[PDB]
């Protein structure tokens, strides 16, 4: 499957793509404002994620740091990134279909659209100004808006026991972005797409 990753933000981002225990394609790349990077993701990839990283530094060997979304200091990510990270999430070729969503469960750093470029379904978007409107207790001093599990480490926010409800913090993310997951047991906003669809992830889709 191809994923076209497009940075429409006015700032550079370092895109990342991983399934948690491995890179997808090269795992990460710099995207200046307006640049597009197309990756190939193996069919059947389960639990894949794409995100943006901000304010990164890397040396000539590809090691360094990002202020949001850092994946163990690597330019080419092979693990998931440090919150806060808006997440494009997908599982491909699962019994004939693909499944896509956007999640704020790991916080928000950059607005995003995640849409098919092929027929048969609809995209999802979280492009409100969540960082500007972020509750004071969730603001990440490094940049971004953390989720409440990251900040407070409770069973209720992290849904550790499997039985959590919405919270004042999850409801903030859900009010600003109704079509993204705001907590683990949110009513799902997953879209079913034809198996083997192709996609575009656009950072900062609106102005």
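Numbering follows the first chain given and starts at 1.
- Of the two segments, 37 to 45 and 156 to 164, the one listed with the higher mean B-factor is 156 to 164 (C-alpha atoms only).
- 54 to 62 and 147 to 155 differ in mean CA B-factor, and the higher of the two is recorded for 54 to 62.
- Going by the entry's values, 93 shows the largest Cα B-factor out of 133, 115, 93, 86.
- In this PDB entry, the Cα temperature factor of residue 7 sits in the bottom third of its chain's modelled residues, the lowest group.
- Residue 15: CA B factor in the lowest third of modelled residues in this chain (values from the PDB entry).
- The deposited CA B-factor of residue 72 belongs to the highest third of values across its chain.
- In this PDB entry, residue 102 carries a Cα temperature factor that places it within the lowest third of its chain's modelled residues.
- In the deposited entry, the Cα temperature factor of residue 111 sits in the bottom third of values across the chain's modelled residues.
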